[PDB]
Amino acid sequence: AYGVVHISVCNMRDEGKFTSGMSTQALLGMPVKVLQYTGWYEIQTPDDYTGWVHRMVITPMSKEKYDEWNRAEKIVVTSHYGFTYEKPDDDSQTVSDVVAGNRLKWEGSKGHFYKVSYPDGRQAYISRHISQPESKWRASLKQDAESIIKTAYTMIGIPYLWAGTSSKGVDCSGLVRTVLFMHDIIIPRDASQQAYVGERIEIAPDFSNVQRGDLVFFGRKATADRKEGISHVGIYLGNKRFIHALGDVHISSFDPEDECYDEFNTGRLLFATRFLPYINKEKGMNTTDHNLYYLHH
């Protein structure tokens, strides 16, 4: 009934087969609920999203051991990319790759390394240059618009990947989720669900009422006969510019004077949302230390 992801990034699919489309991705050390087993596991991530994974990428656990995994202080991976090693030496045999958001059980310290262990039982060493203890990490965390935009800028040029939810590759809602997870925040996975959390902002023609860190939503405008359709999402940067994933992670503008002007999305702009003031104050938006998948209940 419970499991923990034990690979850097696992690929959740619409059905329990590789020949089905990827729907989302979960990260190393992330607790999940297990809904069924058919040879493949149907799992549920802390954002309530459900998808299918191969049997070998998660560690099934009793409620007791799942609660013990969640209780243990973690080493949090803060760099986009890296590796873990068999020895506290970056020239020794690797154990796996890691991505930002990966969390491993803290087992000690040696040199400039943290001793860590995987949910499956593997032991490794990880550099203090790409990671830090969870307690130290939480205490220095910032969750304001400037901090989230600063993270979003470190992701420029990263490829677009349909259902991509990690530093390896992201889709439009996946970019928002990856950046936010680096600041301990979870919001819904789909762009359609992200559009209806936080405060809806009806954009002024000059964009004067849209702030840095707001999300911008694109799609089919509501008609009298048909409700609005959400097809895309970006993060507002101020000055009529936004960062988003389309082809790759890049900056675009609503101003035709800018070389990065995005004509197709400017014409489909529907509204903005202010969500950062409402984390842990509204359903669907929380931090991992307030999320019930991470806590005994």
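One-based numbering along the sequence shown.
Higher mean CA temperature factor, per the PDB entry, when comparing 230 to 238 with 37 to 45: 37 to 45.
Of the two segments examined, 241 to 249 and 257 to 265, it is 257 to 265 that shows the higher average Cα temperature factor in the deposited entry. Of all the options 160, 207, 217, 153, the entry's greatest CA B-factor is assigned to 207. Of the candidates 187, 126, 95, 72, the PDB record gives 72 the highest C-alpha temperature factor. Residue 51 sits in the middle third of its chain by CA B factor, as recorded in the PDB entry. Among the modelled residues of its chain, residue 12 has a C-alpha B-factor that falls in the lowest third, as given in the PDB entry. Per-chain ranking of the deposited C-alpha B factor places residue 22 in the highest third.
When the modelled residues of the chain are ordered by C-alpha B-factor, residue 109 sits in the highest third.
For residue 191, the recorded CA B-factor ranks within the middle third of the chain. Only modelled residues enter the ranking.
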